[PDB]
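Pasting an experimental structure with its sequence.
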Amino acid sequence: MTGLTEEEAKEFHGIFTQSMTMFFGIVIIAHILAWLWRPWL
Amino acid sequence: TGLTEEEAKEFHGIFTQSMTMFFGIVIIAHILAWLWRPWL
Amino acid sequence: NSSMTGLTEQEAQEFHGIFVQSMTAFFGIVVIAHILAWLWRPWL
Amino acid sequence: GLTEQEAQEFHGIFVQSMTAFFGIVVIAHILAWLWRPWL
Amino acid sequence: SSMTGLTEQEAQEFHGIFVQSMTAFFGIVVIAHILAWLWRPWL
Amino acid sequence: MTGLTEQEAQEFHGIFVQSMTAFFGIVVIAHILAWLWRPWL
Amino acid sequence: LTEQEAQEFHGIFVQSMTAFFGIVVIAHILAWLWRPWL
Amino acid sequence: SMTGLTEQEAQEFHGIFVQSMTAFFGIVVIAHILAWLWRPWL
Amino acid sequence: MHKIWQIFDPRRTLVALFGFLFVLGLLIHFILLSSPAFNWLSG
Amino acid sequence: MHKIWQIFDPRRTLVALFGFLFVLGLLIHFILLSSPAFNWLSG
Amino acid sequence: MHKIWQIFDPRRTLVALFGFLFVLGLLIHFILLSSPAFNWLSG
Amino acid sequence: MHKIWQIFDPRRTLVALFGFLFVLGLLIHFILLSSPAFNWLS
Amino acid sequence: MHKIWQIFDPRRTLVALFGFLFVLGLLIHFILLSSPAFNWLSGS
Amino acid sequence: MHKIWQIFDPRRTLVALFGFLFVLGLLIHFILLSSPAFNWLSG
Amino acid sequence: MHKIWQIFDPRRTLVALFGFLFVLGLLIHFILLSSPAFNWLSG
Amino acid sequence: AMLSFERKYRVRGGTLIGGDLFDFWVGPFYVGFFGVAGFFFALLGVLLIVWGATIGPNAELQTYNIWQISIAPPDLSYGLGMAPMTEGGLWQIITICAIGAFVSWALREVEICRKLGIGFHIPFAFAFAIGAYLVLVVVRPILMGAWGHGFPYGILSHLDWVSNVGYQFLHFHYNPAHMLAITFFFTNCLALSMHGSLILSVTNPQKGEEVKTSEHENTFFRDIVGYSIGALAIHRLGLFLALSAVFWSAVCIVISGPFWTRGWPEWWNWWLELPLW
Amino acid sequence: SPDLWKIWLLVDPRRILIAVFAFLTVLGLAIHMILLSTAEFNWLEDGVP
Amino acid sequence: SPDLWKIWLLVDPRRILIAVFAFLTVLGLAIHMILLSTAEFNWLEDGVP
Amino acid sequence: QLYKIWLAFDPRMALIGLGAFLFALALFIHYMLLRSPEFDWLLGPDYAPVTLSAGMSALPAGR
Amino acid sequence: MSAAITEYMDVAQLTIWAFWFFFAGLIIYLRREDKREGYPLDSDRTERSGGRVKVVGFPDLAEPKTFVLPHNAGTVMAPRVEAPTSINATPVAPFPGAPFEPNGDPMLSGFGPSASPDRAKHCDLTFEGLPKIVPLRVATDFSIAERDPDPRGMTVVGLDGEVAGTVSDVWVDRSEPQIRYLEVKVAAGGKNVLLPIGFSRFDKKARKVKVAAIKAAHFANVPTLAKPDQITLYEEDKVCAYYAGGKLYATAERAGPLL
Ligand code: BCL
Ligand code: BCL
Ligand code: BCL
Ligand code: BCL
Ligand code: BCL
Ligand code: BCL
Ligand SMILES: CC[C@H]1c2cc3[nH]c4c(c3C)C(=O)[C@H](C(=O)OC)c4c3nc(cc4[nH]c(cc(n2)[C@@H]1C)c(C(C)=O)c4C)[C@@H](C)[C@@H]3CCC(=O)OC/C=C(\C)CCC[C@H](C)CCC[C@H](C)CCCC(C)C
Ligand SMILES: CCCCCCCCCCCCO[C@@H]1O[C@H](CO)[C@@H](O[C@H]2O[C@H](CO)[C@@H](O)[C@H](O)[C@H]2O)[C@H](O)[C@H]1O
Ligand SMILES: CCCCCCCCCCCCO[C@@H]1O[C@H](CO)[C@@H](O[C@H]2O[C@H](CO)[C@@H](O)[C@H](O)[C@H]2O)[C@H](O)[C@H]1O
Ligand SMILES: [Ca+2]
Ligand SMILES: [Ca+2]
């Protein structure tokens, strides 16, 4: 047990995914831009 | 010892599915890698 | 019960507002600097 | 510190896991042999 | 209390003197950079 | 609070700026003589 | 340290400082005559 | 009094201290005079 | 996102963030100075 | 054979055995890579 | 901004700030002294 | 600015300031000595 | 002969034996790999 | 300036003072000896 | 000046002074022997 | 954050310089006057090393490879004067910062010792390591007459300096003080392994046994080598061995070039030419 | 899994976020440094434009 | 095996999650390093494209 | 009234401190003169450096 | 097999990388061992969080190991939960990291250099179960070496030079024969107090024991022993800590700074 309430786990997980996909989306755009700049394969 | 029986079963459900998702992505990456540059 | 940091709801909102305003100003200055850097010497 | 009954269950799974792990190993060695025999 | 033991009044009073000291320091810096640019531009 | 009661601090500050401005004036004279000796700009 | 011992020490300390300073200035005058540096 | 000493020995210790100082510096003065005549460094 | 400050102490976060940013700023400037193509003090 | 686990702890044996097997697999793979007749990463 | 002194205590923060500024000031002068185009002591 | 002495103790600050000023003066003299155009002992 | 393990602990003796057997097996395999006449990974 | 001797201990201040002057005197003599144009022990 | 023996131990200082002079006499002889201009055992 | 037993020890005072001005903690660290001085001595020296790596020996050879970064001392032709920043002057500045940081660290340790009311053995022991560094970059270069005799600041480059200095005497193993210092280094490592083993084997005994005693400790090495130095004395010995190793290492390098210019094996000719043989 | 949220009952989110942020920062620095260390992908030394 | 789930009764699942993620990250980093070290599979210094 | 130094410094430590300092300083200055070839008296009063002829060099080429 | 793993990778490069992974695990192991005492940390982070955030750093704490004490003295767990202890001091300033000023007489505050934990109220035992630290009057087989002076009878002198008492007995360690304490008959009161050998500087010529830690007057307040012929581990810490407090508290100038 991590000291967190069970509702906090649901609420943290939702925000964690939103921040993770937002980070992942910026990464994917960066790699598309990087691929257009200089493809490596 | 610690985790009970029911949550032990449930943990396996997400463990097996998430690991299977990782394995499937690995297979796709290796299929792509083989088409890119086969090693055998 | 207190949260994991002791900040209340209003305190966390109050810090977050100043944090994002400070972040926005820092990032805005950063964007201006990079535009000036690009005009001076494009790197790509 | 581990009683006999839970010992009976553990050995069955361990043998199954060992047999499952062994089977993958046998196929890999067969495939390796076809790819490049060593003996 | 606060993380630092400073009240609302004390922090605001310190911030005022901090900011004017910061502004005077920045003002000299800006003049220094203007003089430096006149002496030898770098960009 | 260091125990300086806003009047001792004011009284010390007066002597501090006075000595500091004396030091700064001596420094300014030295830099003028240094510039007359070998200008650096 | 009482204020009376502060008066005594300051007089001697200032006197010794001034004597050391005066000897230093004489040395720098002689050094300048020997070999000017500026 | 922090050295565990009185007002008498300190006075006579000082007088001997300068008396030894004067002789030691006098030998130093003569040594430097002879050294300068032998080989001046300036 | 203001709830990140209910899990992370703002004081320690700001110390870590300000320190990382200062090191990052030094690092990027140093990298540019090490490249003759971008050293702005070469002439 | 099932009664082995009386003395040997099931839990510590698994991590010890898995760790042993893993470094054994690394060693065998690396030995083959060191062999020009079995290195699969060359031309 | 004046709440920051309820987060960062003036005594420790000012010591860190002044030293970091002085070291930063020293570093930039040393960088310029190392750069032949901007060494003002080169003659 | 007189209130800075209510944050930093003056008698302690003077010692710290003396060391900083002396160490800075030492550094500048050394930097000038490292520069042939401003080395005054050449 | 059935009177061997009343003194030697089963766990300790197996642990010492298993480590020794692996080391001997590793050593012999490495010696053969080091001998050109018995190297099975050399190509012939 | 006169009551400084109550703030600063005369015994410890002097020990620090003479030690500083000795090191400073040693350093300047060392600097002159290191300077070829002011080395009085050469020819 | 006889009071110097109330300060310093006559027994310890005589051993120290005899020890110090003896070493001083040794080193000077060894230095002279190591100097060709003063070595008296060479011809 | 402090240890769970530490708060009752965080007392005011015990400073050498500064009094209450810098008498505080930053996280686990005690700062004091020499924490402020030491930190910004180290910070400046570290940044100058990074700057020294940024310009490199020249623009062609400049590298950020951590093994290859090297800030080199001046050429020997600069003597004991100051060199230009890109020609060894940066090394001279970093050396000054390093001395400032090392000494401040030792003096900060003294203030901590005063706060805790313990012996000053640790700062005293650290002074030996500082003294060895001072011998390498100050005492020996001054005796030789040039700052260029100091070792370069680089993870691998200072090994090339050690290698070449050693071969300036054709066989450095024959240096007598070097032999003595290595003996102390090797013995210290042996003593450390023995002391670490004995404490661990007594407080973590075989399973089913209680914690052993100091009687066991004395008996164990009496049973092995016939002598036990004792629980207190092993720490005297460990400190003595480590400090003697560094002292004799400092002696060995300071006699290599200032007080001996020949090959080191030739130094033993005093023994070979004894008239007994 | 729709019950993947249960990971935050087992692992400490505060320590996990610190670990992932530290890992991601180091990884981002490492990849950039590796790219700059190659002739082909060093965007500062490539001479383009 | 109908009772593979019993692995989570003896060893803490939280430790496995971190250990597996840490181990896989290291294994992934190592394989990438090995491939980069090969002239055949180095995607940064091969000239393709 | 210059005794006050002896009310704040023990006669014994200062006298030993003075002797160690004076001996060390004298050794140091004596060594510095020996360091300088001009004041190296250990070379002898009638010391003459070796004459170099026919392209001789005392030292090998440097850098 | 061969030395070349790939065109670039070789066996030595693999071996050094293998060490780095082992070494990383070793450092993690050692740091976890380091944290068996004093963790979780006493932090403001925990205080504002109401105890909901335990400050352990990385790596986290290890599972408690068991120390079985000899002679049935008990069993201790190296990582153990310790009840918070109040401090007889107050912060000199309200910012984090500020030091505390002891309350009351600093020599009696039990704070700073005079602070000590409460150890077990049992004597350290020899291998045979006897108390380890005992006076010479009960350890009759022990004696002072002939070449060394007998501490008994020597005048005990405080930091100021004033006489503090006389040495009545010598307490010795019966496991490793050595002096650990000097029993002093205090000149003022007469009540016997212990003086650790670590705070005692012997003057063999003058037959004096010089204690720089505390003044002669401070000897009256040295913590006393319950039983006259033995000392518990708790009492040992109390006595030693009291003298240590004098290194900072006995004289006003000992607080510093020098200049
Ligand atoms: C050499 C030829 C190709 C290449 C061939 C391959 C092949 C073949 C594979 C990869 C795989 C990977 N490659 Mg690749 N790869 C190349 C060059 C790169 C470069 C680069 C800058 O050059 C980078 C950064 C990467 C990075 C990656 C990772 C995304 C991935 C392994 C991560 C891992 O260890 O997961 C382990 C650690 C974890 C934490 C996994 C967590 C598992 C979870 C439960 C499943 C869902 C993920 C969830 C959203 C959590 C996010 C974690 C994600 C893995 C990010 N590759 C070159 C161009 N690469 C592997 C892969 O696809 O794995 C996914 C793989 O099989
Ligand atoms: C280069 C030209 C000359 C030369 C130029 C000079 C000049 C110029 C001077 C000397 C001086 C001295 N020279 Mg000469 N000298 C030369 C060659 C030599 C040779 C040699 C064999 O080559 C020797 C042995 C000496 C020796 C000496 C000493 C007699 C004297 C240094 C005094 C001293 O050290 O007091 C320091 C040591 C003391 C013990 C002082 C005692 C005072 C204190 C208060 C006593 C305290 C006692 C207490 C117990 C402490 C004891 C010490 C500690 C326990 C360690 N010279 C060359 C040839 N020399 C100096 C002199 O004349 O001094 C009188 C001087 O000014
Ligand atoms: C081929 C080389 C290309 C290049 C190709 C790429 C590619 C491809 C990528 C980058 C990425 C990055 N590049 Mg780039 N990049 C180049 C040159 C540069 C230069 C330079 C001086 O030349 C710099 C400074 C950078 C810097 C960056 C960073 C902004 C970023 C990595 C961040 C990270 O590691 O986060 C890791 C650490 C954290 C995320 C911790 C921070 C926590 C934050 C605050 C979470 C906040 C939550 C928020 C609400 C939601 C998430 C949003 C995002 C965090 C913004 N690049 C050159 C020109 N670069 C990566 C990127 O876009 O990542 C976003 C990426 O995939
Ligand atoms: C190579 C081309 C240009 C150049 C291109 C760029 C580009 C592109 C950028 C910079 C940026 C910066 N450059 Mg530049 N820069 C050049 C040459 C220089 C020289 C020099 C002597 O040559 C110097 C000293 C600088 C210095 C700077 C800094 C002012 C700034 C990085 C600050 C930082 O890292 O904060 C990080 C450290 C902290 C945050 C710690 C501070 C903690 C304090 C107490 C809290 C402050 C936070 C505050 C509340 C909010 C911040 C923003 C505020 C609105 C001010 N540059 C060359 C000539 N430079 C960056 C910038 O503009 O950032 C604003 C940037 O993006
Ligand atoms: C040299 C010729 C071939 C090659 C020939 C072989 C041969 C021959 C073998 C392998 C094997 C392996 N190879 Mg290969 N392999 C090659 C190149 C590679 C490359 C690469 C990047 O080039 C990689 C990453 C691998 C990777 C692998 C691993 C997947 C595997 C060794 C795992 C191990 O060490 O177990 C140690 C770690 C463990 C044992 C931990 C336990 C993990 C598993 C999941 C245990 C589960 C038990 C059971 C299955 C549970 C389920 C039971 C059911 C529920 C009932 N090979 C080349 C191309 N390789 C071995 C193998 O097949 O093993 C599977 C093997 O015999
Ligand atoms: C380069 C041209 C000249 C030259 C140019 C100059 C110039 C210009 C000056 C000097 C000065 C000095 N020169 Mg010169 N000097 C030259 C060559 C020499 C040679 C030599 C053998 O070549 C020597 C030995 C000296 C020596 C001296 C000193 C007499 C004097 C510096 C004193 C000092 O620093 O006090 C500092 C130390 C103290 C005051 C105290 C020392 C005591 C100890 C060391 C400190 C310990 C602390 C102590 C225990 C405190 C106790 C408390 C008290 C008991 C109360 N010079 C060359 C030939 N020289 C300076 C001077 O004249 O000053 C009087 C000066 O300005
Ligand atoms: C004398 C016996 C041995 C010893 C003892 C010793 N060392 C000590 C101590 C003691 C008692 C401490 O108390 C002190 C300490 O706190 O240790 C944890 C310390 C210490 N010994 C250290 C290192 C160290 N000791 C070494 C050796 C030894 N230390 C001896 C063998 C070595 C060797 C042999 O190489 C090293 C590297 C530190 C961990 C620490 C002192 C930390 C310190 O001074 O911190 C302040 C300075 C900085 C944080 C950075 C300063 C950076 C500079 C400004 C620039 C760089 C200059 C440098 C010359 C670069 C050179 C680089 C190249 C050589 C690669
Ligand atoms: C360095 C570690 C910390 C030690 C602190 C002291 C650092 C050095 C002390 C400063 C001494 C400076 O002394 C100064 O040095 C320079 C450089 O040699 C000398 O310069 C002289 O030699 C250099 C090279 O040897 C020649 O290029 C130059 O033509 C000549 O004038 C100056 O004549 C001298 O005045
Ligand atoms: C944890 C780290 C694990 C690392 C991997 C461990 C397994 C690798 C073991 C390597 C053992 C090397 O063993 C020895 O290598 C050398 C050097 O190539 C070989 O030497 C041979 O190959 C070289 C290279 O082509 C040629 O000069 C020649 O054919 C011959 O000398 C020996 O035939 C081999 O017996
Ligand atoms: Ca480009
Ligand atoms: Ca490619």
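Received, thanks. Numbers count the residues shown, from 1 in each chain, chains lettered A, B, ... in the order given. Ligands and ions are numbered 1, 2, ... in the order given.

Could you use CA atoms for every contact and neighbour count after this?
Noted.

Would you mind measuring from residue T:139 to residue T:133?
9 Å (CA to CA, to the nearest Å).

okay, these two: which has more neighbours?
Between residue T:139 and residue T:133, counted using other CA atoms under 10 Å in any protein chain shown, residue T:133 has the larger neighbour count: 28 against 17.

contacting residues around the more buried one?
T:123-124, T:171-174, T:180, T:230-231 (CA atoms under 8 Å, 6 or more residues apart in numbering or on different chains).

if we can go back for a sec, what sits in contact with each of residue T:139 and residue T:133?
With CA under 8 Å, 6+ apart as the test, residue T:139 and residue T:133 both reach T:172, T:174.

check which helix or strand covers the residue sitting nearest the centre point of chain C.
With distances taken as CA atoms, centre = their mean, the residue of chain C nearest its centroid is residue C:23 (1.0 Å). In this structure, residue C:23 is located in helix C:9-40 according to DSSP states H and E.

The contacts of residue T:133, buried ones only, as a ChimeraX selection?
Selecting the buried subset of these in ChimeraX, with 16 or more other CA atoms under 10 Å in any protein chain shown as the burial test, is done by:
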select /T:123,124,171,172,173,174,180,230,231
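
so of the contacts of residue T:133, which ones are in strands?
T:171-173, T:180 (DSSP state E).

Please convert these to a markdown table, extending it with distance to ligand 9.
Below are the ones in strands among the contacts of residue T:133 laid out as a markdown table (distance: CA to the nearest ligand atom, whole Å):
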| residue | distance to ligand 9 |
| --- | --- |
| T:171 | 56 |
| T:172 | 54 |
| T:173 | 50 |
| T:180 | 51 |
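
picking up where we left off before, take the contacts of residue T:133 and lay them out in a markdown table including distance to chain O.
Below are those laid out as a markdown table (distance: CA to the nearest CA, whole Å):
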| residue | distance to chain O |
| --- | --- |
| T:123 | 46 |
| T:124 | 44 |
| T:171 | 34 |
| T:172 | 34 |
| T:173 | 35 |
| T:174 | 38 |
| T:180 | 32 |
| T:230 | 43 |
| T:231 | 42 |
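
From the contacts of residue T:133, pick the one nearest ligand 11.
residue T:124 (71.1 Å; CA to the ion).

Who are the contact partners of that closest one?
Residues near residue T:124 by CA under 8 Å, 6+ apart: T:131-133, T:232-233.

one more time with 6 Å, if that's ok
Contacts for residue T:124 (CA atoms under 6 Å, 6 or more residues apart in numbering or on different chains) come out as T:131-132.

Next, the residue in chain S that ligand 10 sits nearest to: secondary structure please.
Closest residue of chain S to ligand 10, CA to the ion: residue S:63 (39.7 Å). Three-state assignment for residue S:63 (DSSP: H, G, I helix; E, B strand; the rest coil): coil.

quick one: which helix or strand includes the most centrally placed residue in chain I?
Centroid check for chain I by CA atoms, centre = their mean gives residue I:21 as the closest residue, at 1.9 Å. Assigned by DSSP H and E, residue I:21 belongs to helix I:10-34.

what sits up against that helix?
With CA under 6 Å, 6+ apart, helix I:10-34 has contacts from I:38-39, P:54.

Do any residues in that helix lie close to ligand 10?
No - under the criterion of CA under 5 Å from the ion, helix I:10-34 makes no contact with ligand 10; the nearest approach is 11.9 Å.

just the angle between the longest helix along chain Q and helix I:10-34, please?
The longest helix of chain Q (DSSP state H) is helix Q:13-36. Here helix Q:13-36 runs at an angle of 0 degrees relative to helix I:10-34 (axes from the mean of the first three to the mean of the last three CA atoms, to 10 degrees).
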